[PDB]
Amino acid sequence: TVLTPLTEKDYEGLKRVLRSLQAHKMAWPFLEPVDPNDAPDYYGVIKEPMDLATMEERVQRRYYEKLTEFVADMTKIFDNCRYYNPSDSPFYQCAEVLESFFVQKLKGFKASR
Ligand SMILES: C#CCNc1nccc(Nc2ccc3c(c2)N(C(=O)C2CC2)CCC3)n1
């Protein structure tokens, strides 16, 4: 299912999904690693940080062998955000918006495989 090996043509689809996420108006908090100057305790709280720039590096290097691994990294971004930030924080709302967008794009990618 979602465990099949990613082909080179799959990787063109993954690049497009990632670029759509990076261009979303609510993606700004996720574009780069969390700066500890903006959240001093963040890296003691979150033990597996993730961000869209790290995923872009991984896509360029063909890090992902299965689509599940790509979805797992994307899910970490949103899970870390909802765990670190309170439910009324604007950051929490950004994760809400961007995760539903990612699901919309992912369904598109899967249908096109
Ligand atoms: C605006 C601005 C500063 N510049 C910048 N640039 C690019 C991304 C970015 N993310 C950012 C900024 C502040 C904070 C965060 C992230 N945290 C998050 O948990 C967000 C879910 C990722 C932790 C605490 C507060 N910040």
# chains A, B, ... in the order shown; residues from 1 in each chain; ligands from 1
call {"tool": "select_by_dssp", "arguments": {"residues": "region 3-37 of chain A", "states": "alpha helix (DSSP H)", "output": "number ranges by chain"}}
result
A: 8-23
call {"tool": "residues_near_ligand", "arguments": {"ligand": "ligand 1", "cutoff": "6 Å", "atoms": "only C-alpha atoms and all ligand atoms", "output": "list in words"}}
result
residues 28, 29, 30, 31, 32, 34, 38, 39, 81 and 91 of chain A
call {"tool": "closest_residue", "arguments": {"among": "A:11, A:103, A:16, A:27", "to": "residue 63 (chain A)", "atoms": "only C-alpha atoms"}}
result
A:11
call {"tool": "closest_residue", "arguments": {"among": "A:68, A:104, A:75, A:22", "to": "residue 53 (chain A)", "atoms": "only C-alpha atoms"}}
result
A:22
call {"tool": "closest_residue", "arguments": {"among": "A:88, A:65, A:51, A:79", "to": "residue 14 (chain A)", "atoms": "only C-alpha atoms"}}
result
A:65
call {"tool": "closest_residue", "arguments": {"among": "A:77, A:47, A:110, A:23", "to": "residue 96 (chain A)", "atoms": "only C-alpha atoms"}}
result
A:77
call {"tool": "residues_around", "arguments": {"residues": "residue 5 (chain A)", "least_positions_apart": "3", "cutoff": "9 Å", "atoms": "only C-alpha atoms", "output": "list in words"}}
result
residues 2, 64, 65, 66 and 67 of chain A
call {"tool": "residues_around", "arguments": {"residues": "residue 26 (chain A)", "least_positions_apart": "3", "cutoff": "8 Å", "atoms": "only C-alpha atoms", "output": "PyMOL selection string"}}
result
chain A and resi 29+94+97-98
call {"tool": "residues_around", "arguments": {"residues": "residue 84 (chain A)", "least_positions_apart": "5", "cutoff": "8 Å", "atoms": "only C-alpha atoms", "output": "number ranges by chain"}}
result
A: 42, 45-46
call {"tool": "atom_distance", "arguments": {"atom1": "CA of residue 3 (chain A)", "atom2": "CA of residue 59 (chain A)"}}
result
16.6 Å
call {"tool": "closest_residue", "arguments": {"among": "A:74, A:60, A:89, A:80", "to": "residue 8 (chain A)", "atoms": "only C-alpha atoms"}}
result
A:60
call {"tool": "closest_residue", "arguments": {"among": "A:100, A:73, A:52, A:112", "to": "residue 18 (chain A)", "atoms": "only C-alpha atoms"}}
result
A:52
